[PDB]
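Given as structure tokens, the chain that follows is alone and in the form deposited in one PDB entry.
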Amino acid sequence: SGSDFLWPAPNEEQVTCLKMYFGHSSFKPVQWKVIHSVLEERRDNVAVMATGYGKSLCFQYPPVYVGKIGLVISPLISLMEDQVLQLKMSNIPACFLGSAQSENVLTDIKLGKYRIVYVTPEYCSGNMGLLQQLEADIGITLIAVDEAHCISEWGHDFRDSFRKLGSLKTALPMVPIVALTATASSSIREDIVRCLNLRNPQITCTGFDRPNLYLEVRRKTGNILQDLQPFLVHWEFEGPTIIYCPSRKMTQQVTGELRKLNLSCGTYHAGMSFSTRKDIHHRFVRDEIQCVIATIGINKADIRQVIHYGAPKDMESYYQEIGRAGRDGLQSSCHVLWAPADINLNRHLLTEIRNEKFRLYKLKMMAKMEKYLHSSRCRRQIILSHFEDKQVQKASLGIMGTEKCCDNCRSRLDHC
């Protein structure tokens, strides 16, 4: 599935380059997001990959595709040497530039015969003029900064050699920087953005299996209150709850039905003003309202229940929307209530799209969402297979296959 579930769609030359130089058949969603932002928007990136794997493609692919140069700053010397070896095994010219390197290799770099150049932060801070000449003559596709959290003095593994990296954006303001890390700390990420002088960067955070989230899919009965009664205990939810609806009309229907039971809840849609949405968010965090019925950023630490009333839009929005739950690490649940006649499964609503690539993309996303909803397989396995590479999937242990994972694992443990 090279360009199946990705928008903008990777063109056929890009898929060819991927298959031929990296041996992969498709881009993972976050990989394509980073690569496309770098290639088309020249935009800085802060990329958190929780498990640590799956970040090599993000900074190796763009300079190979465009045929220019890519700089990789890292302190992990043995890893950089192994990656140089692996790249040269794939007919990708790459080298680990340092102080003890021949001027033959240096002029080869200046002539643009190396696709990827690995350097230490010390050497990088010691030779900014070389980097500027490389940008002027060849053109630097991106500058990757691995272990970027080391630039934060507030973190555990601060390295002084990262400090001077603050000058990069000063000397090459048009060259995008891709700062990669494995920590999800918001303050660490703010420090990375600040010290690297990044300009409105795209921030991605992926690589989780979220063991504290239980997944389940149920069919609608047609009656809103009958559908939502199992989530209630005068009447109230078991905890702070978000209900995602596909439209504002269904949002209002659900809100009125819940308020028939004197439930403390509030609506959250784009048709309201900024102040009203901020007030609803503040009252949700303060627990004055127990439930938010929304059509989509709701940031709250102790969300115990997410309910999609209706089939979600696609796997990406569903991913982002159930990710809001259980941020405190405590047990939470994510239920989808769906029916084949739901709006987000209506292909007739796509017949008017003019861009044929976009029409195919919408059809593919709709079909994949329906196949997830109808599947008897492990929901978490489906999500991780769609979003993460195999190495990230295998790093997940302790949740998949247990009765706290999803409804299908639970049914396969119970009598069949």
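Residue numbers here begin at 1 and follow the sequence given.
Going from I296 to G297, you skip over 4 to 9 residues of the deposited sequence that the entry leaves unmodelled. The modelled chain is continuous from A136 to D137, with every intervening residue of the deposited sequence accounted for.
When the two stretches 197 to 205 and 107 to 115 are set side by side, the higher mean Cα temperature factor goes to 107 to 115.
Between the stretches 33 to 41 and 49 to 57, it is 49 to 57 that shows the larger average CA temperature factor. Ranking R219, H156, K300, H335 by Cα temperature factor from the entry places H156 first.
Of the residues listed, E321, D342, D279, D146, the entry assigns the biggest Cα temperature factor to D279. Ranked by C-alpha B-factor against the other modelled residues of its chain, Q14 falls in the middle third. Compared with the other modelled residues of the chain, the Cα B-factor recorded for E316 ranks in the lowest third. In the deposited entry, the Cα temperature factor of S385 sits in the bottom third of values across the chain's modelled residues.
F284: CA B factor lies in the middle third for its chain, per the PDB record. Sorting the modelled residues of the chain by their CA temperature factor places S375 in the lowest third.
Beyond the structure shown, there is the form solved in complex with a small molecule, which is absent from this document and is the topic of what follows.
Contact with the small molecule in the deposited bound form, defined as a heavy atom within 4.5 Å, holds for exactly one of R248, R327, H282, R259, namely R327.
With the partner omitted here, the residue from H36, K28, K362, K68 that has a non-hydrogen atom within 4.5 angstroms of the small molecule in the deposited bound form is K28. Only one of 319 to 327, 109 to 117, 163 to 171, 124 to 132 lies within 4.5 Å of the small molecule in the deposited bound form by heavy atoms, and it is 319 to 327. Remark: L57 counts among the residues lining the small molecule in the deposited bound form, judged by a heavy atom distance of 4.5 Å or less.
The small molecule in the deposited bound form comes within 4.5 Å of no heavy atom belonging to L373. The small molecule is not shown here, but in the deposited bound form it comes within 4.5 Å of a heavy atom of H24. In the deposited bound form, the Cα atoms of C58 and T51 sit 3 Å or more nearer to each other than they do here. In the deposited bound form, the Cα-Cα separation between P246 and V30 grows by 3 Å or more relative to the displayed conformation.
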